[PDB]
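Because only heavy atoms are used, hydrogens play no part in the values below, and waters and symmetry mates are left out as well, while side chains stay in. Within every chain, numbering begins at 1; the chains are lettered A, B, ... in the order of the sequence lines, protein sequences first and strands thereafter.
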2 protein chains.
Amino acid sequence: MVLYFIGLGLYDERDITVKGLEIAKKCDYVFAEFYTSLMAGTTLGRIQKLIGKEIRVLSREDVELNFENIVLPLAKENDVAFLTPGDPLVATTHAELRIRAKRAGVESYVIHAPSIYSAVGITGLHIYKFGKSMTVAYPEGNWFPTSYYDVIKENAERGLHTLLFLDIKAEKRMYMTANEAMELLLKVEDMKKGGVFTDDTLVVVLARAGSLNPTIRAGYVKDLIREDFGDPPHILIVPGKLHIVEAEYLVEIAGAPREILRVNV
Amino acid sequence: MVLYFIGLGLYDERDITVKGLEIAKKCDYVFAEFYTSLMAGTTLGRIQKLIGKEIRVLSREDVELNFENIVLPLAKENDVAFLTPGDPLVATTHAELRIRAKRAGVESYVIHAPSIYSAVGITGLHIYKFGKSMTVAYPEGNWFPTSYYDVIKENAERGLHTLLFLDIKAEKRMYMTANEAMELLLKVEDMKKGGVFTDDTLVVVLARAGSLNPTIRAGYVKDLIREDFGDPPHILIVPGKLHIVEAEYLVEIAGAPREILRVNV
Ligand SMILES: Nc1ncnc2c1ncn2[C@@H]1O[C@H](CSCC[C@H](N)C(=O)O)[C@@H](O)[C@H]1O
């Protein structure tokens, strides 16, 4: 009679909360999805071994079109868990799955876990200063989407930081790199000539957040566009003007150049 | 000789990530602070029992003024952990403590935990639609803060939601309720009269996120300003223009008036 939405955290199998693990261990069935994101620092095998339950993986269609035919029926007469990378209900379409549960006469509870939305705090940027967030998407065929670029302009205009998720093909395991995102943005800039993202723009790159050894780097696009930030996933952040303390952190902790202490403050 | 900033999570001691618990268990000395937020579902005892260590609680002054004299010294010789509610670097100034660690020749690592900042996902509001966030601070003497009112206006104009952290004076056991935050906002509307926050403004209240049964309520200020949402902590959210599915969730899950189902696009 209960469905548990349990987050797995940021990077590996230990990023799940003690509450999340203990509850999942007492469930009769355990589902998971890895289409909204992947746990780059672990495997399904390691996650199963830790929970001690076999985990049936679901596709985007399994969830989006048949959550009520696949997961909810079992939740009617058992304790069922639905695992997802990060914090549950962060992924735009997930909240409504709770409405489905309600409609099916199933109770649902949410066990939270670390999300990249809060993990970026490790970049030293004050979290209250973040504005609208967006995802950078790959152009394709006759379609060049550029709204993420307009958002950077609108946020920075107001002194707000912009968090940019990079496109991902979880099935193909093809991640967009911070480098590809920057070059995409330089291309969009050349098209709109808006002066929003150039070689002189200051950006922050966060890779493998959650890991004990994440890669935190800050600098101008002209020097970072070709730097190796390691293995995915990659998160890109275009900061609005900086508070002196944020700059000091980026310089001391993320190796940013002294120049931002006068140029971007 | 290392320093770990370990988040304890949103509500009780089980909201700590497995990574955090296992590392906290092997540390030589364990420090913590409980003034940046409130964990209503646990006590210091349960935390000590859970990690098997004496925890010495620090005050805002011990941290802001003597972190480098109290904590950093031991980090030179032993492995130390600094426990904080939620995520250690979110809506705090704890990030700056890493700079102090570096300048003292001490290595630091951050272990994330579920933060209220991503927990907003449980309100059904798309977290990418959140704009700049702010804190509603208690008036002090003749000084009456009002920036949080302008922020709501700014975000609303852009159709973005506004997350409002509520104030806290842990040394006096004071935790601002959503009700008090609403009262303060109506007063500010009085001074400014920008038509930003009134009896007809739709708001969302999330209380004690992280527990199995948090209070999630949505409605008009005229009907919510006197309603009891349980014990703290509470945050307050002033949504902008809603998406259809955001509205459906608020009504079905957060018990909002059916008529916010009709959006004025
Ligand atoms: N479980 C919870 N439920 C509702 N609000 C919460 C909360 N935990 C924190 N808050 C809100 O945030 C304020 C403290 S701000 C510090 C936040 C913390 N680092 C984190 O990651 O969550 C509180 O006064 C309250 O308004």
Side-chain angles (χ1 to χ4, degrees), chain A residues 87 89-92 95 115-121 123 125-136 147-165 196 204 235-243 246, chain B residues 90-91 115-137 145-166 178 181-182 185 188-189 192 194-197 201-206 218 221 235-243 245-247 249-250 263-265:
Chain A
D87 197 12
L89 273 73
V90 155
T92 291
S115 174
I116 187 66
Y117 276 88
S118 48
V120 283
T123 52
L125 296 168
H126 306 324
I127 256 245
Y128 83 91
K129 289 174 64 177
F130 282 80
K132 190 178 181 178
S133 303
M134 298 292 277
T135 297
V136 170
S147 61
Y148 53 86
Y149 171 100
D150 297 309
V151 174
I152 301 185
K153 179 184 191 267
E154 290 147 0
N155 282 333
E157 220 168 47
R158 300 167 163 71
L160 302 179
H161 311 310
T162 302
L163 173 54
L164 300 173
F165 294 102
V196 178
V204 181
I235 284 280
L236 182 60
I237 299 159
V238 180
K241 153 177 125 208
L242 306 174
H243 166 197
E246 293 178 301
Chain B
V90 169
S115 170
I116 183 69
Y117 193 73
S118 58
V120 295
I122 198 173
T123 54
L125 298 169
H126 302 333
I127 179 140
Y128 77 87
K129 288 182 63 178
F130 275 72
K132 180 181 190 182
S133 305
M134 232 302 117
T135 293
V136 175
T146 68
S147 63
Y148 52 76
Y149 173 99
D150 303 307
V151 174
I152 300 169
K153 187 183 185 175
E154 179 186 295
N155 290 328
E157 298 177 300
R158 303 174 66 204
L160 306 170
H161 304 137
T162 301
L163 163 57
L164 295 174
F165 294 95
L166 304 188
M182 289 190 230
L185 274 161
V188 179
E189 174 56 50
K192 296 180 181 291
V196 176
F197 195 88
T201 301
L202 168 60
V203 291
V204 177
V205 179
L206 174 57
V221 175
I235 41 138
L236 179 64
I237 299 165
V238 176
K241 171 96 61 191
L242 298 173
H243 269 254
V245 69
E246 296 184 306
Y249 183 106
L250 290 183
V263 183
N264 283 316
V265 295

J.: Does A:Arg158 use its side chain to pair, donor to acceptor, with the backbone of A:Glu154 at less than 3.5 Å?
T.: yes

J.: Answer yes or no: is there a side-chain heavy-atom contact under 4.5 Å between B:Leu206 and B:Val204?
T.: no

J.: Could you pull out all residues at least two apart from A:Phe165 that satisfy ring pair (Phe, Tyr, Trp, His ring centres under 6.0 Å)?
T.: A:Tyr117

J.: Could I get the full list of salt bridge (charged side-chain N to carboxylate O under 4.0 Å, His left out) partners for A:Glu157, not counting sequence neighbours?
T.: A:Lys153

J.: At their closest point, which heavy atom of B:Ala218 faces which heavy atom of B:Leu250, and how far apart are they?
T.: CB-CD2, 3.9 Å

J.: Pairs of donor and acceptor atoms involving the side chains of residues 124-137 of chain B, under 3.5 Å and at least two apart or interchain, shall be tabulated with distances.
T.:
residue: B:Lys129; atom: NZ; partner: B:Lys241; partner atom: O; Å: 3.0
residue: B:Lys129; atom: NZ; partner: B:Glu246; partner atom: OE1; Å: 2.9

J.: So which pairs with a foot in residues 115-124 of chain B pass salt bridge (charged side-chain N to carboxylate O under 4.0 Å, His left out), sequence neighbours left out?
T.: none

J.: Which heavy atom of B:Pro239 sits nearest to which heavy atom of B:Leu242, and what is that distance?
T.: CB-CD2, 3.8 Å

J.: Checking B:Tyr149 now: which residues fulfil side chain to side chain donor-acceptor pair (under 3.5 Å) with it, not counting sequence neighbours?
T.: B:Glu189

J.: Run the side chain to side chain donor-acceptor pair (under 3.5 Å) test against A:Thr123 and tell me which residues pass, sequence neighbours left out.
T.: none

J.: So, using side chain to side chain contact (heavy atoms under 4.5 Å, CB included) as the criterion, who are the partners of B:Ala119 when residues are at least two apart?
T.: A:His112, B:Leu10, B:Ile116, B:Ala209

J.: From A:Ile237 CD1 over to A:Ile235 CD1, what is the distance, rounded to the nearest 0.5 angstrom?
T.: 7.0 Å

J.: Evaluate the side-chain proximity of A:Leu164 to A:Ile152: yes if any heavy-atom separation is below 4.5 Å, no if none is.
T.: yes

J.: So, using side chain to side chain contact (heavy atoms under 4.5 Å, CB included) as the criterion, who are the partners of A:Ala91 when residues are at least two apart?
T.: A:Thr36, A:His94

J.: Among residues at least two apart in sequence or on other chains, which ones pass side chain to side chain donor-acceptor pair (under 3.5 Å) with A:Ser115?
T.: none

J.: Taking side chain to side chain donor-acceptor pair (under 3.5 Å) as the definition, give me every residue that meets it alongside B:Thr162, ordered by chain and number, with sequence neighbours left out.
T.: B:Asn155

J.: Which atom names give the shortest non-hydrogen contact between B:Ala181 and B:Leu236, and what distance separates them?
T.: CB-CD2, 4.0 Å

J.: So, using salt bridge (charged side-chain N to carboxylate O under 4.0 Å, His left out) as the criterion, who are the partners of A:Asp150 when residues are at least two apart?
T.: A:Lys192

